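A short write-up of the structure that comes next.
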Amino acid sequence: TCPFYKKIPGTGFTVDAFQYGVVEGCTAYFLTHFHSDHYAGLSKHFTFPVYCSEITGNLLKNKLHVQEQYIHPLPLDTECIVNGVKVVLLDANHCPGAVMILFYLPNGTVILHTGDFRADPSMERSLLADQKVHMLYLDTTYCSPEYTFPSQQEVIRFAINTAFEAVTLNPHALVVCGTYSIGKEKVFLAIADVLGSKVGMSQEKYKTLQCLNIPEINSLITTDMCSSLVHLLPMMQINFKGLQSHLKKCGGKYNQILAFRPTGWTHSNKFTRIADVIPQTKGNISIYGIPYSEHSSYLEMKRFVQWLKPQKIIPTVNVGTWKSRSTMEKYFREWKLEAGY
Ligand code: NI
């Protein structure tokens, strides 16, 4: 059945609730972003109103073949009325098209649903600054103090510098980046830009990127793999077997692979700095795991919540175990005692 944390009280609305069939009483289904755990259930046969960003709407129409008459895209940072209720969509700093949703209930209650987000101080000067928020439905993915990671800027500097050094030393090296969903596009785009190359990819991935409103995208991506020295492959294929096989297919154009896997967090974060990261190597193949996150670190999450000062927090991630739920509740109490709300 649909969990309580996907239902918005006092309304006919659900959030990211497409895998439960017809949810009784639901008059409008919101979709925060185009990631599969959130869209699961949508297809060309869906016939209820879906509310989302413009980018998410492009992906629904073109990738899932949802009919246009049921897609309701909303502009960002703009007050809109949906089934008699005022809503605002805000940038979530997650993947392209990802939003947080503010709901203004008829009775005076104000609710923020973060979707998936990476909290940033720039959010402290959006439309959030303009009123009190009573209830917060929070992306708690990394809600534990062991989860530190660097800024996105520091991780990109590392990737650019590593790729540029490798290809300048060996002009016959190929760079490969893994992907399995939208998000983390800066990794492969920034490397291609430093090397003066387009990024080569499958037709399916090219289609996906053409839906994202990225400026000058025709200038950065291509389906002509032969003309490119940065290739995108499925994340599954970023291992020694899969990369050896890919190198065979390039027909002696290249003699080395430098590959990147842009994972969220991996335990080496606890004891290491970004400057100190090293690859796994076998023969003429090296693989770097880089901690590029599109979710809040523990400290970023803490700062956001202590700034917002909500009356009630409802976690949306790690809710399946009593130990996880107890742990998160202890942190929320700490944060409230420190800040004084
Ligand atoms: Ni996501």
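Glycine gets a Cβ as well: all are built from the backbone with ideal geometry, and neighbour counts include every protein chain shown. Every number here is computed from the coordinates shown, using simple stated rules; none is lab data.
Below are the figures for this structure:
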{"read-out": "Set of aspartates and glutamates with alpha-carbon distance to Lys312 below 12 Å, sequence-local pairs under 8 removed", "value": "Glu329"}
{"read-out": "With eigenvalues of the C-alpha gyration tensor scaled by 5 and rooted, segment 148-295, Å", "value": "22, 19, 14"}
{"read-out": "For segment 106-235, size of Cβ-based charge dipole, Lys and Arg +1, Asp and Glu -1, in debye", "value": "140"}
{"read-out": "Cα gyration tensor of segment 76-191 - equivalent ellipsoid semi-axes, whole Å, descending", "value": "39, 15, 12"}
{"read-out": "Integer Hz, Karplus 6.51/-1.76/1.60 couplings in order for segment 296-310, x for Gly and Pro", "value": "4, 4, 4, 5, 5, 4, 4, 4, 4, 5, 5, 6, 5, 6, x"}
{"read-out": "Residue-span extension gain [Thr223 to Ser202] - 0.36 nm each, minus C-alpha spacing", "value": "7.0 nm"}
{"read-out": "12 Å beta-carbon shell around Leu220, net charge (K/R +1, D/E -1)", "value": "-1"}
{"read-out": "Listed pairs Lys44/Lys207; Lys86/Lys132; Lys198/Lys241; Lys6/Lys86 exceeding 22 Å between Cα atoms", "value": "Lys198/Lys241"}
{"read-out": "Cut-off under 5 Å, modelled amide H: who pairs with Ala28 long-range", "value": "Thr14"}
{"read-out": "Integer Hz, Karplus 6.51/-1.76/1.60 couplings in order for segment 230-237, x for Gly and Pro", "value": "10, 10, 9, 10, x, 3, 3, 8"}
{"read-out": "Along the chain, longest interval not containing exposed GluC sites (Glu not before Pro), exposed being DSSP loop plus at most 15 other Cβ atoms within 10 Å", "value": "217-341"}
{"read-out": "Distance in nm between pseudo-label sites at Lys312 and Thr168 (7 Å out along the Cβ direction from Cα)", "value": "5.7"}
{"read-out": "Under the Debye formula (equal points on every Cα, no solvent term), log10 I(q)/I(0) of the chain at q = 0.07, 0.10, 0.11 Å⁻¹", "value": "-0.33, -0.67, -0.80"}
{"read-out": "Rounded to whole Hz, the Karplus (6.51, -1.76, 1.60) HN-Hα couplings of segment 41-55, x for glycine and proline", "value": "x, 6, 6, 4, 9, 6, 10, 10, x, 10, 10, 6, 6, 3, 4"}
{"read-out": "Net +/- balance of residues flanking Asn269 in space, Cβ distance below 12 Å, scoring K and R +1, D and E -1", "value": "0"}
